[PDB]
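Take a look at the structure below.
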Amino acid sequence: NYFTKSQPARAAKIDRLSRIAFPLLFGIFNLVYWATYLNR
Amino acid sequence: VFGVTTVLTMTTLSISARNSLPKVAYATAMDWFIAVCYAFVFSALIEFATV
Amino acid sequence: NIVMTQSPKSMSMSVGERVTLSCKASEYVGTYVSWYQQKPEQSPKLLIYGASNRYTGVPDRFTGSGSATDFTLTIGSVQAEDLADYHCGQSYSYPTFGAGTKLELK
Amino acid sequence: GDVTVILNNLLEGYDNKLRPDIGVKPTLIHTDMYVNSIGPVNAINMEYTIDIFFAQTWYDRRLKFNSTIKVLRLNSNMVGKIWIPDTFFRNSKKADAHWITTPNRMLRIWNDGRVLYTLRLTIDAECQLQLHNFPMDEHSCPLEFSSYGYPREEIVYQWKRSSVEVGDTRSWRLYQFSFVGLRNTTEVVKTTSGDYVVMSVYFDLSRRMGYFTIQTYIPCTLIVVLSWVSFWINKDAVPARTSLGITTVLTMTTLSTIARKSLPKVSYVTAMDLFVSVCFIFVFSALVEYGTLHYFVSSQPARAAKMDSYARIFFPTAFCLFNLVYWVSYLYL
Amino acid sequence: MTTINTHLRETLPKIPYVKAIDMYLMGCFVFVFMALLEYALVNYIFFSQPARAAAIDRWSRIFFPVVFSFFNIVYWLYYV
Amino acid sequence: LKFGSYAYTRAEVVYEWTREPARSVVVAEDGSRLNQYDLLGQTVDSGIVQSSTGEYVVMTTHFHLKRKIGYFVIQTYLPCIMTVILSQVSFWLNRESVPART
Ligand SMILES: *[C@@H]1O[C@H](CO)[C@@H](O[C@@H]2O[C@H](CO)[C@@H](O[C@@H]3O[C@H](CO[C@H]4O[C@H](CO[C@H]5O[C@H](CO)[C@@H](O)[C@H](O)[C@@H]5O[C@H]5O[C@H](CO)[C@@H](O)[C@H](O)[C@@H]5O)[C@@H](O)[C@H](O[C@H]5O[C@H](CO)[C@@H](O)[C@H](O)[C@@H]5O)[C@@H]4O)[C@@H](O)[C@H](O[C@H]4O[C@H](CO)[C@@H](O)[C@H](O)[C@@H]4O[C@H]4O[C@H](CO)[C@@H](O)[C@H](O)[C@@H]4O[C@H]4O[C@H](CO)[C@@H](O)[C@H](O)[C@@H]4O)[C@@H]3O)[C@H](O)[C@H]2NC(C)=O)[C@H](O)[C@H]1NC(C)=O
Ligand SMILES: *[C@@H]1O[C@H](CO)[C@@H](O[C@@H]2O[C@H](CO)[C@@H](O)[C@H](O)[C@H]2NC(C)=O)[C@H](O)[C@H]1NC(C)=O
Ligand SMILES: CN1C(=O)CN=C(c2ccccc2)c2cc(Cl)ccc21
Ligand SMILES: CN1C(=O)CN=C(c2ccccc2)c2cc(Cl)ccc21
Ligand SMILES: CN1C(=O)CN=C(c2ccccc2)c2cc(Cl)ccc21
């Protein structure tokens with residue numbers, strides 16, 4: 001929101017990047033956490 | 001936000017009010033009052049939706 | 001059926017040296033492992049009843065060390081009367097013994 | 001046998017209503033404790049649980065026998081047939097012995113008349129906790145005992161040289177506290193019935209801030225940073241910043257209320273109330289600052305342009321300075 | 001819906017399996033959650049085409065009560 | 001579950017299991033009031049405690065328990081995941097709806 005009306009392309013780029021980086025990172029955290037706490 | 005927050009407040013009042021008396025299977029007079037008040041609040045939101 | 005594996009299968013040793021015998025259990029045996037000594041053409045004699053308790057009439061050179069699965073029997077100043085076979089046996093369940101270790105002199 | 005005749009000869013002409021040396025000298029009682037565990041120290045009722053093996057030893061010239069056996073080792077069956085001191089714990093709210101499966105008591109009489117009496121007790125003792133500096137606080141609150149009816153001229157207590165022994169200290173029920181040490185004390189107190197010899201054991205405890213940290217110190221600071229993020233949002237989206245600020249206020253109130261239910265209903269300010277109070281103030285100041293911003297963009301824009309840019313650096317520095325001064329001032333005490 | 005669920009949970013004991021009332025609350029929550037996701041989907045493609053957006057909106061207006069009534073009859077016929 | 005003798009040392013009263021130690025502590029089949037855990041088995045032992053008054057026989061029994069995750073999943077781990085997903089759904093709304101994403 002702060003980057004709109006000054007650099008719209010950067011705001012669009014970081015919202016499209018964070019549209020796919022967040023589910024991947026949360027899934028990787030879920031896999032690592034459940035793997036380390038179910039095989040413990 | 002008027003309609004939805006008053007519906008939330010009615011829900012909270014109903015759950016927080018039914019814990020005083022035991023777990024009887026019939027309706028009391030506070031239950032009828034709460035039901036009619038909930039109907040009025042929900043009806044106000046539905047009238048807003050129609051308008 | 002708790003199996004006790006005793007090591008080594010055969011050992012040799014001189015007089016006046018420290019010696020260590022080991023017994024390993026497959027399952028849990030708390031402190032109910034006993035050590036018996038059997039001379040040739042004789043009946044076995046209980047040396048250590050339970051984990052680390054000497055029987056009445058055993059010299060103070062035998063001493064045992066216990067755990068949940070790993071058990072040890074150590075003799076200190078070894079004389080010429082420790083030339084015998086040594087069995088470890090568990091009593092947590094129906095009793096099973098080890099194979100034995102025959103000490104010899106060389 | 002022989003123990004039966006000895007025990008029957010000791011109890012003939014015996015009066016368990018009279019202490020030894022009833023008109024000669026006071027009775028000297030040597031006391032030992034073994035703390036099995038110090039239970040949960042809840043501050044709501046200002047109390048703490050403790051489990052001990054209380055051992056007493058004294059001399060009874062009536063229980064003196066001549067025989068080839070040196071010691072009679074008995075159960076609790078004969079405890080009620082000889083004289084037993086009336087020791088009671090002065091700062092206990094509730095205390096009970098143990099009776100499963102048989103009364104957990106022990107009596108041992110020696111060849112010269114020395115009696116040793118041991119029993120297992122679970123005490124729910126009382127200690128007023130000065131709950132300032134909470135939760136960075138340290139306490140030392142006692143377990144006291146004395147005789148109930150016999151004054152200083154009739155019963156005298158005395159510690160041994162190996163008086164109090166703690167156990168493993170790891171199987172104890174101290175969740176929020178940490179044992180650091182102990183010290184014994186003996187004194188004489190004046191009472192309406194007479195002067196009594198009172199013995200105290202002070203246990204020193206220190207509160208480990210590991211639960212209150214992840215319960216209140218981390219989330220309230222996170223909610224403050226949540227209120228901080230409103231400054232980088234555009235000044236034209238008025239419902240966004242207002243809703244953010246007031247919902248942040250909601251979260252602060254709910255967290256404060258749910259956080260105050262740990263400690264008792266004390267009337268003074270602690271080191272935990274001040275923190276959550278200042279966090280609420282910070283959120284209040286952020287919202288009122290945006291309010292004055294929205295009024296000033298309409299009144300005169302020359303003053304409201306660089307106010308938000310000033311707030312963006314003034315709020316974190318003020319909060320960080322508050323945190324530094326607060327933590328040093330409350331960890332120096 | 002979360003408030004409703006929280007109030008109920010404190011009464012019941014810590015049992016692992018899913019009760020019938022918990023099943024109903026999960027159904028109601030999944031319904032209101034998919035309603036919010038449907039709004040997110042209509043808002044994502046609103047500037048590009050309004051025809052598909054209006055079609056999804058009027059399809060939701062008819063197919064959410066029908067699927068809810070189907071879930072309600074399946075629930076009140078399996079647990080009775 | 002440790003039990004032993006009060007007032008009687010090891011040279012006076014000793015304890016022992018009446019059957020084989022693996023078969024002495026017997027838990028019934030329908031005997032389980034557990035809601036949150038799962039009993040896996042039993043484990044006995046026997047030892048000696050060294051007190052200020054002598055050595056005492058102590059019989060130990062360990063019951064092995066395993067916590068059931070089914071309650072805590074539905075209580076915390078599934079609502080946390082659903083709330084994280086609800087936060088992530090804000091990335092799909094348009095940049096012109098600032099109070100919505102706020
Ligand atoms: C208001 O009313 C209240 C209700 O009436 C009242 O409370 C009662 O107070 C009295 C007096 O304080 C209590 O009486 C004593 O209890 C002592 C043990 O107490 C605790 O245990 C009881 C239960 O009693 C049982 O269990 C013990 C231990 O196993 C047994 O020894 C008892 O016999 C009794 O056993 C029966 O029941 C068991 C099941 O529970 C069975 O398994 C068992 O087989 C029996 O059937 C609890 O109720 C108590 O709880 C209370 O008090 C505590 C205090 O802190 C509270 O915290 C708690 O909340 C409860 O309120 C507690 O847990 C007994 O030891 C004692 O018996 C002795 O002393 C008297 C006086 O000298 C003797 O006459 C009597 O014979 C007993 O003596 C012998 O045994 C002792 C053992 O230590 C020996 O040392 C002694 O030498 C003597 O041995 C002789 O006899 C033996 C045979 O008996 C023989 O073998 C020996 O060789 C020798 O000859 C006494 O009974 C009473 O229990 C309370 N009841 C309740 C319900 O609370 C309250 O005080 C009133 N208040 C006022 C102000 O008036
Ligand atoms: C418990 O009390 C005893 C005596 O009341 C304390 O004992 C003394 O220890 C000092 C050295 O630390 C000796 O010089 C004294 O002679 C001891 N007293 C006696 C009577 O022998 C003991 O230190 C106390 N334990 C504490 C405070 O933990
Ligand atoms: C009920 N409540 C709130 O709403 C948040 N702010 C308050 C407060 C805020 C500023 C000054 C004084 C008190 C507060 C402080 C505590 Cl220690 C516990 C609950 C609580
Ligand atoms: C090592 N030890 C003591 O010295 C105090 N008395 C003993 C004891 C006292 C009487 C009978 C059996 C054992 C005891 C009991 C426990 Cl439950 C933990 C530690 C401990
Ligand atoms: C276990 N569970 C979910 O996983 C879906 N999200 C949750 C949730 C989300 C946030 C807070 C509390 C609960 C929820 C709400 C209900 Cl009314 C029933 C089941 C249910």
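The number of residues in region D:47-95 being within 13 Å of another protein chain (Cβ to nearest Cβ), of a type in the set (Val, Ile, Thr) and within 29 Å of residue D:143 (Cα to Cα) comes to 3. If you take the residues in region D:81-94 that are surrounded by 15 or more Cβ atoms within 10 Å (Cβ to Cβ) and farther than 22 Å from residue D:60 by Cα, which one is nearest to ligand 3 (Cβ to nearest atom)? Checking each candidate, the answer is D:91. Just one residue in the set D:143, D:131 is more than 13 Å from every other protein chain (Cβ to nearest Cβ), away from ligand 5 (no atom under 16 Å from the Cβ), more than 30 Å from residue D:60 (Cα to Cα) and not small (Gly, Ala, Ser); that residue is D:131. Picking from residues in region D:257-274 that are more than 14 Å from every other protein chain (Cβ to nearest Cβ) and of a type in the set (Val, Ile, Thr), the one that is farthest from ligand 2 (Cβ to nearest atom) is D:257. Checked against (1) in a loop (DSSP other than H, G, I, E, B); (2) more than 10 Å from chain F (Cβ to nearest Cβ), residue E:15 passes all but condition (2).
Inspect all residues belonging to region D:155-163 and state whether any of them is outside any strand (DSSP E or B) and over 30 Å from residue D:17 (Cβ atoms). No, because not a single residue in region D:155-163 is outside any strand (DSSP E or B) and over 30 Å from residue D:17 (Cβ atoms). Entry remark, region F:87-99: residues being assigned to a helix (DSSP H, G or I) and at the interface with chain E (Cβ under 8 Å from one of its Cβ atoms) number 2 in total. Is it the case that residue A:11 is in a helix (DSSP H, G or I), without any contact (Cβ under 8 Å) to a residue 12 or more places away in the chain and more than 10 Å from chain F (Cβ to nearest Cβ)? Taking the combined requirement at face value, the residue does not satisfy it. Search region D:284-297 for residues being free of Cβ contacts under 8 Å to residues at least 60 places away in the same chain and within 18 Å of residue D:240 (Cβ to Cβ), and hand back the single one that is nearest to the chain's Cα centre (by Cα). Out of the qualifying residues, it is D:286. Selection of first residues in region E:22-46 that are small (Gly, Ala, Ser) and of second residues that are within 16 Å of ligand 5 (Cβ to nearest atom), restricted to Cβ pairs under 8 Å at least 6 apart or on distinct chains, gives the following pairs, ordered by first then second residue: E:27/E:71; E:27/E:75; E:40/F:89. Per this entry, residue D:312 is not counted among residues that are in contact with a helix residue (DSSP H, G or I) (Cβ under 9 Å, 6 or more places away or on another chain) and farther than 14 Å from residue D:228 by Cα. Look at residue D:79 and say whether it is over 22 Å from residue F:50 (Cβ atoms) and within 16 Å of ligand 2 (Cβ to nearest atom). Criteria not met by residue D:79. Residues in region F:1-26 that are among the β-branched types (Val, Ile, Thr) and either at the interface with chain D (Cβ under 10 Å from one of its Cβ atoms) or touching a residue at least 24 places away in the same chain (Cβ under 8 Å) (or both): F:9, F:13, F:14, F:25.
With respect to (1) crowded, with 18+ Cβ neighbours inside 10 Å; (2) over 26 Å from the mean Cα position of the chain (by Cα), the lone exception for residue D:41 is condition (2). Residue E:69: under 30 Å from residue F:97 (Cβ atoms) and among the hydroxyl-bearing types (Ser, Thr, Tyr), yes or no? For residue E:69, the condition - under 30 Å from residue F:97 (Cβ atoms) and among the hydroxyl-bearing types (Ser, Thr, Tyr) - is not met. Selection of region F:52-69 for residues being surrounded by 14 or more Cβ atoms within 10 Å (Cβ to Cβ) and either within 14 Å of chain E (Cβ to nearest Cβ) or part of a helix (DSSP H, G or I) (or both) yields only F:68. Do we find a residue being over 17 Å from the mean Cα position of the chain (by Cα), loosely packed, with under 13 Cβ neighbours inside 10 Å and not basic (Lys, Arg) anywhere in region A:9-18? Yes.
A quick yes/no check of all residues on (1) in a loop (DSSP other than H, G, I, E, B); (2) surrounded by fewer than 14 Cβ atoms within 10 Å (Cβ to Cβ); (3) under 11 Å from the mean Cα position of the chain (by Cα):
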position	(1), (2), (3)
B:19	yes, yes, no
B:23	yes, yes, no
B:32	no, yes, yes
B:36	no, yes, yes
B:41	no, no, yes
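Taken over region D:96-128, residues that are surrounded by fewer than 16 Cβ atoms within 10 Å (Cβ to Cβ), touching a residue at least 12 places away in the same chain (Cβ under 8 Å), within 27 Å of the chain's Cα centre (by Cα) and within 14 Å of chain F (Cβ to nearest Cβ) amount to 2.
Residue by residue, here is whether (1) more than 16 Å from ligand 2 (Cβ to nearest atom); (2) part of a strand (DSSP E or B) holds:
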residue	(1), (2)
D:83	yes, no
D:103	yes, no
D:106	yes, yes
D:116	yes, yes
D:120	yes, yes
D:134	yes, no
D:139	yes, yes
D:143	no, yes
D:151	yes, no
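When the strands (runs of 3 or more DSSP E) confined to region C:1-100 are screened for residues that are in contact (Cβ under 8 Å) with a residue 40 or more places away in the chain and either hydroxyl-bearing (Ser, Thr, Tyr) or within 14 Å of chain F (Cβ to nearest Cβ) (or both), those reaching at least 2 such residues are found at C:4-7, C:10-12, C:19-25, C:33-38, C:70-75, C:85-90. Annotation for region B:1-13: no member residue is among the hydroxyl-bearing types (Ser, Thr, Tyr), away from chain E (no Cβ under 14 Å), farther than 16 Å from residue E:1 by Cβ and out of contact with any helix residue (DSSP H, G or I) (no Cβ under 6 Å at 6 or more places or on another chain).
Just one residue in the set C:66, C:89, C:100 is of a type outside the set (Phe, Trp, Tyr), on the phi > 0 side of the Ramachandran plot and surrounded by 14 or more Cβ atoms within 10 Å (Cβ to Cβ); that residue is C:100.
If the condition is being within 16 Å of ligand 2 (Cβ to nearest atom) and of a type in the set (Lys, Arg), then region D:153-170 contributes D:160, D:161.
Every number in this text was worked out from the coordinates using simple rules, so none of it is lab data. Neighbour counts are summed over all protein chains in view; Cβ atoms, including those assigned to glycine, are modelled from backbone coordinates with ideal geometry.
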